[PDB]
């Protein structure tokens, strides 16, 4: 029989220090009942990974946040890709995949590295820098909206927009409800840049709109796939990169390790995604009666998956609380797993690698010199400010 926990994985307290709670979450039982929100949760690597790889049983089309789309109105029209099941998923999925293939990365790869090299140089010129706003936020801001082919004007909405989207997967918090109350300007901006007339020749939005021509997607579909990349494509990478730098900061020996061997960049990043897990949690909904870690769970029940917890399960990882940039990271669920696994992963790693590469060649120490402020959001873990003094090589 399934234990009750009073933990609220969406309270400021939990965000501020999740690690003791996530350990109660695991130790309690393979499946737990969260009184705060009347839902089942699963925090161990094994359970999380299983749920992820049975989309037939654990569907996403009833929402991947708490809210059940069968029971209640989605807060916005649903994603053609996040909030759908195969087969409706498979087409929109395949398209975004071509858009963001390794072929594509090869073409934009030099540009991303050069821009990464430029930021780290400028930063070394100043010394004291905010690792979040001046790097984590600034770098993908200098590469991604361009890769998208966004205009200049409006971009200040891209981050609040992400925040809104990720806050909304959560329970009906103060966090959620406020985000929603404040959402109109952010949606109008995104709705606008979602249109073909507004996407520069040769960028993702443009490349996406091309699938209109051949018919792989309709014109209603097209603005909505773009919408996908404008929700998911930015703040994720802000927090990913954010994690990496914070890790390097807290783990100076691991920085020295990376400097010794700069080819360890890609994986020092991947490790950071495991170790922080910028995207913390997602739900599914049972499509049938299913036995899940010994419990028989009824049809149409929501299950909360602790991604971060999975990624830090002692049952799966030696010394999981450690930053180890030569860890065999393969199998972490930082970008999820299976049919829905992050279609954007190549862009993220692209950014995380070039930037960690630039750092490994350019910086000799990263020390935090200041107050460190966390940002609170229902789905995203990350920092709001991280003051560091960069010392040059």
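By rigid core we mean the largest C-alpha set that fits within 1.5 Å across both forms. Numbering follows the first chain given and starts at 1.
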Farther-lying stretch by C-alpha RMS in 6 other deposited structures of this protein, rigid core as reference, of 218-226 and 180-188: 218-226
With the rigid core as the fit anchor, does 205-213 or 71-79 show bigger C-alpha shifts in 6 other deposited structures of this protein? 205-213
As stated in the PDB record, which stretch has the larger average Cα B-factor, 249-257 or 295-303? 249-257
As stated in the PDB record, which stretch has the larger average Cα B-factor, 309-317 or 258-266? 258-266
Per the entry, which of 106, 288, 284, 91 tops the list for Cα B factor? 106
Pick out which of 95, 165, 124, 234 has the highest C-alpha B-factor in the PDB entry. 124
Ranking every modelled residue in this chain by its Cα temperature factor as given in the entry, which third contains residue 372? highest
Is the Cα B-factor recorded for residue 227 in the lowest, middle or highest third of its chain? lowest
By the entry's values, the third containing the CA B factor of residue 59 is the lowest
Residue 81's Cα B-factor: lowest, middle or highest third of the chain? middle
Entry-reported C-alpha B-factor of residue 102 relative to its chain, by third, is highest
